[PDB]
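Take a look at this single chain, the form deposited in one PDB entry, given in structure tokens.
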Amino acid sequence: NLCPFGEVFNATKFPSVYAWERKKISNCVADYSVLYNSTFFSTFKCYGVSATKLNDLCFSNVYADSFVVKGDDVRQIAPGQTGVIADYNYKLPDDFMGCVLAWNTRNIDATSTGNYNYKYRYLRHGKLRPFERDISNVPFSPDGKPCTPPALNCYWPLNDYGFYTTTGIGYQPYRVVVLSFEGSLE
């Protein structure tokens, strides 16, 4: 069958960056023609492979990691990057093999009054491992002793993205689909 890329990029539900969801793509003929030819995506940064050589290669498993980040946070979805999104929300290994696809969705995910349905983790004890997910909304203390907010030095680790249609492109919502390819060295 055809790999349902239209069920990933055109999905009406994109999860938060800290709660990013992964879909397994396999046992389907891989047709990536809609990606590179179309100018829909604002980023097509492939790593460890070439976009033109995707068609030539085959026999791999594809994982599609979908989430929404800020406009300025797409820089941190590159392998070897540092930030509140790379360290605490979504980390890519330095040997990552795949392509990162992001496109502006100010029309969809941004509202005049502010769309706060998307959250990111900015407080954590230690950085995330590559392809590791932390969805625990427990209060954070710099020393590490548990406490109940509101208090001093006790904060919630998740803070909402404030998405408006009037903000600059760096503060506008972007939907990011990270594609992971099973390498020939399986």
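Rigid core (definition): largest C-alpha set, two forms, superposition within 1.5 Å. Start at 1 with the first residue shown and count on from there.
What follows is about the form deposited in another entry, which we do not show.
**Study point:** residue 64 C-alpha shift between the shown form and the other one of 2 Å or more, rigid core reference
**Key:** Where the cores coincide, residue 64 shows only a C-alpha shift between the shown form and the other one that is less than 2 Å.
Point to revise | Core fit, then residue 26 C-alpha moves 2 Å or more between the shown form and the other one | key: The answer is no, as the C-alpha of residue 26 shifts between the shown form and the other one by less than 2 Å after core alignment.
Point to revise | Core superposition between the shown form and the other one, C-alpha change of residue 54 at least 2 Å | key: Yes; that C-alpha moves by at least 2 Å between the shown form and the other one.
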